[PDB]
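There are 4 protein chains.
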Amino acid sequence: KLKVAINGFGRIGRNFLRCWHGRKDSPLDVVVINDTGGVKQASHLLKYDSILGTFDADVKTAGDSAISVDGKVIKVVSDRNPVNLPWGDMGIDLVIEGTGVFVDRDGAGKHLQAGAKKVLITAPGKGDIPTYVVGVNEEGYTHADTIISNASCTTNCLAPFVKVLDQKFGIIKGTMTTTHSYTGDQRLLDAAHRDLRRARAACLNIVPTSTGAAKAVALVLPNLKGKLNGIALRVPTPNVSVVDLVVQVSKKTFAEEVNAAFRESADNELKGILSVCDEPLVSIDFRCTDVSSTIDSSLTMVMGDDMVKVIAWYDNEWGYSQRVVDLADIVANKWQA
Amino acid sequence: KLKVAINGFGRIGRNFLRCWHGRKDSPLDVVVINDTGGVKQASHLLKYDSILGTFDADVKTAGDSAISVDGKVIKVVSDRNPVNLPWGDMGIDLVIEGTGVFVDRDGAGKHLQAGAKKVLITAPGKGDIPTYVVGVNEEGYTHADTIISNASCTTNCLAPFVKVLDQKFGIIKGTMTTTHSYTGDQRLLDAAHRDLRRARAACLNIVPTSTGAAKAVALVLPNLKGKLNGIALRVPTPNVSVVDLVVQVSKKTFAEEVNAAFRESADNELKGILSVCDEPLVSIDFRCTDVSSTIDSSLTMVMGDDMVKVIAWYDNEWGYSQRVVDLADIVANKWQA
Amino acid sequence: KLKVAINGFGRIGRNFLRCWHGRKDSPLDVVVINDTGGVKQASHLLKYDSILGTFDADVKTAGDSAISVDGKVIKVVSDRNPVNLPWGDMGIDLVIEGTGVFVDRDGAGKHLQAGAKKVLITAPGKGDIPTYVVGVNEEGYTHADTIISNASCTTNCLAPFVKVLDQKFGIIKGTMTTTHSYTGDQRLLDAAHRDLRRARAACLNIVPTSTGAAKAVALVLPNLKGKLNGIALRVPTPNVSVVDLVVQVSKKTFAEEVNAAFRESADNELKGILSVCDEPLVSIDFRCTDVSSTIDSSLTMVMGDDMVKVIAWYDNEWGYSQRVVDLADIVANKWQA
Amino acid sequence: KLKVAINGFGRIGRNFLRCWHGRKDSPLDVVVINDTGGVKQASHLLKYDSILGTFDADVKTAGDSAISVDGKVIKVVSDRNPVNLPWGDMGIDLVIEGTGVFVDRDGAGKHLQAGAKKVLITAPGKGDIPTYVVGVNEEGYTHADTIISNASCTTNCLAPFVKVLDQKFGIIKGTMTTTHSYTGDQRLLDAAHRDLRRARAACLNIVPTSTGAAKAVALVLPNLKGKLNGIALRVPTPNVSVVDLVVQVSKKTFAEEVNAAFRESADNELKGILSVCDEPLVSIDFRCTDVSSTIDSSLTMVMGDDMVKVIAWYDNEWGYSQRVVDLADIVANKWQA
Ligand SMILES: NC(=O)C1=CN([C@@H]2O[C@H](COP(=O)(O)OP(=O)(O)OC[C@H]3O[C@@H](n4cnc5c(N)ncnc54)[C@H](OP(=O)(O)O)[C@@H]3O)[C@@H](O)[C@H]2O)C=CC1
Ligand SMILES: NC(=O)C1=CN([C@@H]2O[C@H](COP(=O)(O)OP(=O)(O)OC[C@H]3O[C@@H](n4cnc5c(N)ncnc54)[C@H](OP(=O)(O)O)[C@@H]3O)[C@@H](O)[C@H]2O)C=CC1
Ligand SMILES: NC(=O)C1=CN([C@@H]2O[C@H](COP(=O)(O)OP(=O)(O)OC[C@H]3O[C@@H](n4cnc5c(N)ncnc54)[C@H](OP(=O)(O)O)[C@@H]3O)[C@@H](O)[C@H]2O)C=CC1
Ligand SMILES: NC(=O)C1=CN([C@@H]2O[C@H](COP(=O)(O)OP(=O)(O)OC[C@H]3O[C@@H](n4cnc5c(N)ncnc54)[C@H](OP(=O)(O)O)[C@@H]3O)[C@@H](O)[C@H]2O)C=CC1
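Listed below in structure tokens is the structure:
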């Protein structure tokens, strides 16, 4: 019964909507979308998708102010300035912020000035903004938080299994590297950008760039403060990525024992969040997986009894979006005013 | 000898600079560049290129207002609004307009307001603007023209051999299709765009889109008005494109006679503009060619004695830029004021 | 009810299996497969596919001589020489020849020697072999034919609408060009090949190459003998292709009249074979379509009243395979011995 | 004055020839090539290259038994069976084995039965075959070795800087991962292969596969026996790769100190073998670098004083080939019988 609004109808915004549509007995009601591109555009791009394929639902425009999905009508507005949105007039409870532009209190707060009661950022928050990762620390959320963050795709892949390792072996220190698919922040052909590396043609290069997933894990898992670091390598694939972690543990072990620890959690406290694959698969095989992290068992190695190396896959668009849905579900169940 | 300013340091802007740098005894002198990205950005992207390779010349930043190439210094400015540019102050003779946004008389004229003397648009002009194609109708240029156009890359490939075909056999009617490399106007991943086809992931699809080259040919070749039309298909390659033309002629002929007609021109009036290749090559082999169009002789066909089909290659970035330098040299040699 | 054997478990071989599996009440029964790669390899590549996605059915290896799909068991054999195959022993009725090496009577006949009853080649036959295209001339099939051909993917896309155009307007002459996805006959990196163009890196170039579809059309449509010719351009996409046809007709017409003629057929005699699309889509949107050809109505053009240009899409892997299943059903319904 | 023969004219074979051609005062003389593809093919693919570009030399066929480069004539033969090659008759001193098929004594020995005096394998040798890496242990080579190995591209990138780290900090143990461009061993489209992962479409996936560079380093650097391991990830780029190493050292240090150690060696004992780059570059920027390893300084990290992480680039085709040339040069200088 929570009235939800989506601000920014891009890759995550559209993946969010399709993820929600597939749920059963949802406590959420999507009633409005702010797409600065218009009604025709919103309808066309929701129906046709180069990554997910054609949406199996009857999608069409409704007048010049809305669209409909299998009969359910959804209002569409268009304004680049949040302060002018009709949130108060419509009675919006929660705003899904997926523009990538209003990631700080100053910006996200504009939605509050317009009347919305709460805001959820689909990315790391800038400054003193509460950050949560489902399966790791969501129990710390309270109805008093007016603005929250669901972290990044990379942090949602790491956090889960890093927690299992620290509790069953004790992490002393480590480092990680992620081979990530390209995103809209990169350039199609060599062009201007703050990051001189992200300025180079994306379908043609291996592009190194910084990452904050390192210290982001420390936020959701206090024990790991100042114990990890890392970088990222952007490659020529449209979706699906992988993380490579190497850590030093206090408890001597062996590869076969580490995989056992993972399978146990995936079957209990992390069922639906973590998974373990024992087949020789490739990136494309992990498209549309609802979990946020999948361990590639055959690649697990242990050198010198204490140096562990782990490899895990993750659908950065779809898997992350299922998590945004879960967090929004928590906001609903904890609502009191 | 002629003061030249470059407005817009993108793909065409940077290619133009390198094309000019390699010329011997040039009547042009580039003294300033307007890069709304920064002195270092212009410096970095000029030295390193994903398509042309590393620039063979010592490139460096000369302070916070200029850069250095093989010693020479070139000022760098940043201002999205042309009316406020120091053109009149620097005594600029010609401005190379390559931003892709100021194509009409009002927009382009703003350079004249800033104090510039003449403007040359690296794209099709809108409205009442004289268009020229070297080798087709450049002889009709006059120093009196304050604003001119060099047409599109596709038009520069078509015009040259269409002219030969009309003079030798007489064109009645025809149609065209260009399989073109992707450009900056397209999107890396499904995203908002006025053209619902160009909005789709460029490195993943074959994308049909409109083209104006057909009607543009009639501009430089009046006898062809109303005789041609066509379309374009954008594909997953970063540079180099190909044209496929089918026309019905008044004089019966055959494949080898058509090829020979093209060779006579390439050896005479169109030397340096048109070429004929007899080897079995592919697109990558035509990168960095100086001509505007190259006929693939073994693909030429004639059906029913009067329906001719021709296939021609062209480097849309480097080939077109060499023609920009050529048209600029004509302006310099025609200065009588 | 009909014993079918699959010789060659490649792209076409595996697509055929999945196409058949989805049919309702099939008169065919696949009992054996000849994969010179192994029982597990056939098992692994059948379940996981980079183009079709994960097969939705429980696939498993049934020993060292067969596999299991949704319970059913299918024998697996390995023998590069057909003459030594247990066809006669298993009482095989029809053999689906999809290796691409046995296309003539001698080569294909070896299946008859092994004891097979009939053979159907998933490619153009060489010499004196009857060729059929569903929707064009399948009515001319007879149980007496021991060896038949289903033509190429391009021919199956062209024939259907060329037939409509000839009956309605009368074709005098024409030319064609197909922008086709790359296939297994090409090379990943520059390497030895009889065709010096197909020897070049496939994911990096636009590659011109010969095609036989033009002359092949005359086989199924005798009235077109000597009226068409054409070429092909291979581009960097893994599947889905498009045809561009230009013809001169005897009866004057216009674009919308041509489109309407195609719609009448799609709604009647060619339902399930030909379709007409009025939306602004791209290649990825046509993946997994069951028809042989789809007209892109907004691209149709007519120059000088009698020169018609048509653009049509086709899934070269999945679309063609559905036609293989259709021709196999005809053989089953025509069995009179 | 060493008479050399090249067996297998693929990517490495052709890169080898162009590398040699560019040297000054070479002690080698290439007189014959075994290309099972023929004279026309050998001439065409040497002249045109999708990665290196057009060879700046006059290349053509000479009769039907040879080719010429800038006037120098080179004989061409074609036979898949080494025992039948005219090595003894021609007086061949050294054979460059780049087929990827005769990597063991049994196979490579066939060249010795045919008359050649020595053989050099352009890949890791199988079994008890002497292995060398220029800049690390070439001083151990002696004229008595009849068959030798130059190791793999990955080992030539690692070995060099691993040596600098162990001598100035002391390596206790470590692990590595290499993000490598695809090669001819992979499949263009999902097809049969021993490695079920290498069987999947290469321009479309991130493909994990095993590597032997781990224990290969121990061969050229005894101190590191049983101290390292690792894996590989194949991505959608045509050439140029990168290595990521993480090791535990006995001497506490910091990132800035590690880079200093590298710059020192690159300027002395490893000049021409190792390099250090301090700019924000991308993969394409390292094409055609003659060194075998380039450290990306800005990416160097140190966690907990003793856990070091290093990132280095390498042109797997060209850089490796320059090393094959150097090793062959050593064979010449140490020749005595
Ligand atoms: N892709 C992924 O893997 C993940 C992305 N994210 C984060 O989500 C955010 C968006 O990323 P993503 O969906 O990937 O990218 P997209 O560019 O696909 O989506 C961003 C959208 O914001 C729209 N937009 C920008 N400003 C406005 C505005 N002021 N008003 C209305 N619409 C606006 C853009 O429209 P326009 O087309 O005009 O640019 C674009 O459609 C970023 O914060 C990103 O870091 C987080 C996790 C995963
Ligand atoms: N690429 C090709 O093959 C050809 C392109 N053209 C034409 O050339 C033009 C540009 O195309 P292209 O080089 O491909 O594109 P690019 O985006 O590479 O270059 C255009 C540049 O204009 C800059 N820019 C935009 N507005 C301004 C402004 N108002 N003031 C200063 N700088 C500005 C843009 O900066 P920013 O990035 O900040 O937006 C961008 O750098 C178009 O007219 C195009 O049709 C013609 C022939 C060939
Ligand atoms: N791909 C497409 O779009 C279409 C292809 N076709 C045609 O179908 C045929 C095959 O093409 P395609 O599926 O694309 O190619 P694939 O290589 O994917 O399939 C061909 C298969 O034949 C197997 N094979 C070869 N010889 C034998 C043999 N003697 N005995 C047993 N198995 C053998 C090959 O095995 P191995 O890998 O060991 O060499 C390979 O697996 C060709 O005639 C092609 O023109 C027709 C329509 C569409
Ligand atoms: N590419 C790289 O990065 C490196 C490769 N290597 C090694 O070098 C070897 C070749 O690799 P690469 O050049 O990359 O691959 P290629 O396939 O490009 O080269 C191998 C060549 O061997 C030819 N060939 C195979 N058998 C014979 C034969 N019996 N007689 C004559 N010619 C034959 C093949 O011809 P055909 O076309 O008929 O297949 C092919 O042209 C392998 O051992 C590989 O591991 C080592 C370092 C680097």
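Residue numbers (PDB author numbering), protein chains in the order written: chain A, 0 to 18, 18A to 18B, 19 to 34, 36 to 60, 60A, 61 to 122, 122A, 123 to 188, 190 to 334; chain B, 0 to 18, 18A to 18B, 19 to 34, 36 to 60, 60A, 61 to 122, 122A, 123 to 188, 190 to 334; chain B', 0 to 18, 18A to 18B, 19 to 34, 36 to 60, 60A, 61 to 122, 122A, 123 to 188, 190 to 334; chain A', 0 to 18, 18A to 18B, 19 to 34, 36 to 60, 60A, 61 to 122, 122A, 123 to 188, 190 to 334. A prime marks a further copy of an entry chain. The beta carbon of each residue, even a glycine, is placed where N, CA and C say it ideally should be.
request  = Quick one: grab the DSSP three-state call for residue 247 of chain A'.
outcome  = By one-based count along the fourth sequence, residue 247 of chain A' stands at place 250. Residue 247 of chain A': coil per DSSP, three-state reduction.
Beta-carbon proximity list for residue 29 of chain B, same chain, < 7 Å, skipping 5 on both sides = For this step, residue 29 of chain B is matched to residue 32 along the second sequence. Excluding residues within five positions, the ones whose Cβ falls inside 7 Å are 4, 71, 72, 74, 87.
ask   = Cβ of residue 314 of chain B' within 7 Å of any heavy atom in ligand 3?
value = Taking the third sequence and counting its residues from 1, one reaches residue 314 of chain B' at position 317. Yes - ligand 3 has a heavy atom lying nearer than 7 Å to the Cβ of residue 314 of chain B'.
task = Using a cut-off of 8 Å between C-beta atoms, extract the partners of residue 139 of chain A' located in chain B'.
result = Working through the fourth sequence from its first residue, we reach residue 139 of chain A' at position 143. Correct list: empty, because the minimum Cβ distance to chain B' is about 35 Å.
query = By how many angstroms is the C-alpha of residue 172 of chain B' removed from the C-alpha of residue 151 of chain B'?
reply = Here residue 151 of chain B' refers to the residue found at position 155 when the third sequence is read from its first residue. Here residue 172 of chain B' refers to the residue found at position 176 when the third sequence is read from its first residue. Those two C-alpha atoms are separated by around 11 Å.
query = How should residue 247 of chain A' be labelled, buried or exposed, when 16 other C-beta atoms within 10 angstroms of its C-beta is the threshold for buried?
reply = Numbered from 1 along the fourth sequence, position 250 holds the residue referred to as residue 247 of chain A'. Classification of residue 247 of chain A': exposed, given that the 10 Å Cβ count is below 16.
inquiry  = I'd like to know if the region 266-282 of chain B' and the region 45-55 of chain A are in contact, where contact means that at least 3 CB-CB pairs between them fall below 8 Å.
reply    = Yes, the region 266-282 of chain B' is in contact with the region 45-55 of chain A.
key: Residue burial classification, residue 214 of chain B' (beta-carbon count within 10 angstroms, cutoff 16)   = The residue you call residue 214 of chain B' lines up with position 217 of the third sequence. Buried: at least 16 other Cβ atoms inside 10 Å.
query = Per DSSP, what kind of secondary structure is residue 62 of chain A in: helix, strand or coil?
reply = Position 65 of the first sequence holds residue 62 of chain A. In this structure, residue 62 of chain A counts as coil in the three-state DSSP scheme.
key: In chain order, each beta strand (DSSP E) run of at least 3 residues that lies wholly inside the region 200-252 of chain A'   = As summarised for the region 200-252 of chain A', the continuous beta strand (DSSP E) elements at least 3 residues long and confined to that stretch are 204-206, 225-232, 238-246, given in chain order.
query = With 8 Å set as the bound, which would you pick, yes or no: does the beta-carbon of residue 162 of chain B sit closer than that to a beta-carbon of chain A'?
reply = Working through the second sequence from its first residue, we reach residue 162 of chain B at position 166. Taking Cβ atoms only, chain A' never reaches closer than 8 Å to residue 162 of chain B, which makes this a no.
key: Distance, residue 233 of chain A' Cα to residue 235 of chain B' Cα   = Looking up residue 235 of chain B' in the third sequence gives position 238. Looking up residue 233 of chain A' in the fourth sequence gives position 236. Roughly 13 Å between the two C-alpha positions.
ask   = Counting pairs of Cβ atoms below 8 Å between the region 148-162 of chain B' and the region 285-292 of chain B', do you hit three or more?
value = Result yes; three or more Cβ-Cβ pairs closer than 8 Å.
task = Use the C-beta contact count for residue 157 of chain A': other C-beta atoms within 10 angstroms, 16 or more gives buried, fewer gives exposed.
result = As a first step, residue 157 of chain A' must be located in the fourth sequence, where it is residue number 161. It counts as buried.
request  = Name, please, each residue of chain A whose Cβ falls closer than 7 Å to the Cβ of residue 281 of chain B'.
outcome  = Your numbering for residue 281 of chain B' matches position 284 in the third sequence. Chain-ordered, the chain A residues with CB closer than 7 Å to the CB of residue 281 of chain B' read 48.
message = Pop quiz: residue 270 of chain B and residue 239 of chain B' are said to be a contact at Cβ under 8 Å. What is the actual Cβ separation, rounded to whole angstroms?
response = For this step, residue 270 of chain B is matched to residue 273 along the second sequence. For this step, residue 239 of chain B' is matched to residue 242 along the third sequence. Contact doesn't hold; Cβ gap of about 31 Å is too wide.
message = Looking only at its chain, what residues have a beta carbon closer than 7 Å to the beta carbon of residue 303 of chain A', apart from the 5 residues adjacent to it on each side?
response = On the fourth sequence, position 306 is the one that residue 303 of chain A' refers to. So the list reads 245, 246, 249, once near-sequence residues are dropped.
key: Closer than 7 Å at the beta carbon, the chain B residues around residue 306 of chain B'   = Within the third sequence, numbered from 1, the residue matching residue 306 of chain B' stands at position 309. Going along chain B in sequence order, the residues near residue 306 of chain B' (Cβ under 7 Å) are 171.
ask   = So what does DSSP say about residue 117 of chain B', is it helix, strand or coil?
value = Position 120 of the third sequence, counting from 1, holds the residue named residue 117 of chain B'. DSSP places residue 117 of chain B' in strand when its eight states are reduced to three.
request  = With 9 Å as the C-beta to C-beta threshold (strictly closer), list the residues of the region 194-206 of chain B near chain A in chain order.
outcome  = For the region 194-206 of chain B, the set of positions with a beta-carbon nearer than 9 Å to some beta-carbon of chain A reads 196, 197, 198, 199, 200, 201, 202 in chain order.
ask   = Is it a yes or a no for the region 136-148 of chain A touching the region 163-179 of chain A, going by three-plus beta-carbon pairs under 8 Å?
value = Taking 8 Å as the limit for Cβ pairs, the verdict is that the region 163-179 of chain A does not touch the region 136-148 of chain A.
query = Which residue spans inside the region 280-306 of chain B' form an unbroken beta strand (DSSP E) run of at least 3?
reply = Listed in chain order, they are 290-293, 298-300.
request  = Measure the Cβ-Cβ separation of residue 63 of chain B' and residue 37 of chain B' and say whether it is below 8 Å.
outcome  = Stepping through the third sequence from its first residue, residue 63 of chain B' is reached at position 66. Stepping through the third sequence from its first residue, residue 37 of chain B' is reached at position 39. Taking 8 Å as the Cβ cut-off, residue 63 of chain B' and residue 37 of chain B' qualify as a contacting pair.
Local Cβ density within 10 Å of residue 21 of chain A', reported as buried at 16 or more and exposed below that = Sequence index remark: in the fourth sequence, residue 21 of chain A' carries index 24 (1-based). Exposed, by the Cβ-count rule.
ask   = Is any heavy atom in ligand 1 found nearer than 7 Å to the beta carbon of residue 151 of chain B'?
value = In the third sequence, the residue the question calls residue 151 of chain B' occupies position 155. For ligand 1, not one heavy atom lies less than 7 Å from the Cβ of residue 151 of chain B'.
key: Cut-off 8 Å between Cβ atoms - residues of its own chain near residue 40 of chain A, not counting five sequence neighbours on either side   = Numbered from 1 along the first sequence, position 42 holds the residue referred to as residue 40 of chain A. So the list reads 8, 30, 32, 64, 73, once near-sequence residues are dropped.
key: Residues of the region 208-226 of chain A' whose Cβ lies closer than 7 Å to any Cβ of chain A, in chain order   = Result list: 226.
key: Where residue 301 of chain A' meets chain A, residues with beta-carbon distance less than 7 Å   = Against the fourth sequence, residue 301 of chain A' aligns to sequence position 304. Ordered by position in chain A, the residues that pass the 7 Å Cβ test against residue 301 of chain A' are 169.
ask   = When you compare only the Cα positions, how much space is there between residue 185 of chain A' and residue 237 of chain B'?
value = Counting from one through the fourth sequence, the residue named residue 185 of chain A' turns up at place 189. Counting from one through the third sequence, the residue named residue 237 of chain B' turns up at place 240. About 14 Å.
key: residue 26 of chain B' (DSSP reduced to helix, strand or coil)   = Reading the third sequence from its first residue, position 29 is the one you call residue 26 of chain B'. When secondary structure is reduced to three states using DSSP, residue 26 of chain B' falls in the strand class.
task = Could you check the C-alpha separation between residue 187 of chain B' and residue 52 of chain A' for me, to the nearest Å?
result = Here residue 187 of chain B' corresponds to residue number 191 of the third sequence, with the count starting at 1. Here residue 52 of chain A' corresponds to residue number 54 of the fourth sequence, with the count starting at 1. If you take the alpha carbons of residue 187 of chain B' and residue 52 of chain A', they lie about 16 Å apart.
message = Rounding to the nearest angstrom, what Cα-Cα distance links residue 192 of chain B' and residue 230 of chain B' in this structure?
response = Along the third sequence, read from residue 1 onward, the residue named residue 192 of chain B' stands at position 195. Along the third sequence, read from residue 1 onward, the residue named residue 230 of chain B' stands at position 233. Going by the C-alpha atoms only, they are around 14 Å apart.
ask   = Using DSSP with H/G/I as helix, E/B as strand and the rest coil, what is residue 42 of chain B?
value = In the second sequence, the residue the question calls residue 42 of chain B occupies position 44. For residue 42 of chain B, the secondary structure class from DSSP, reduced to helix, strand or coil, is helix.
query = DSSP on residue 177 of chain A, reduced to helix/strand/coil?
reply = Counted from its first residue, the first sequence places residue 177 of chain A at position 181. Per DSSP, reduced to three states, the secondary structure at residue 177 of chain A is strand.
ask   = Closer than 7 Å: is that where the CB of residue 77 of chain A' sits relative to any heavy atom of ligand 4?
value = Working through the fourth sequence from its first residue, we reach residue 77 of chain A' at position 80. Within the chosen limit of 7 Å, ligand 4 reaches the beta carbon of residue 77 of chain A' through at least one heavy atom.
query = Alpha carbon to alpha carbon, what distance is there between residue 296 of chain A and residue 257 of chain A?
reply = On the first sequence, residue 257 of chain A is found 260 positions in, with the first residue counted as 1. On the first sequence, residue 296 of chain A is found 299 positions in, with the first residue counted as 1. Inter-residue distance for residue 257 of chain A and residue 296 of chain A is about 14 Å (C-alpha atoms, whole angstroms).
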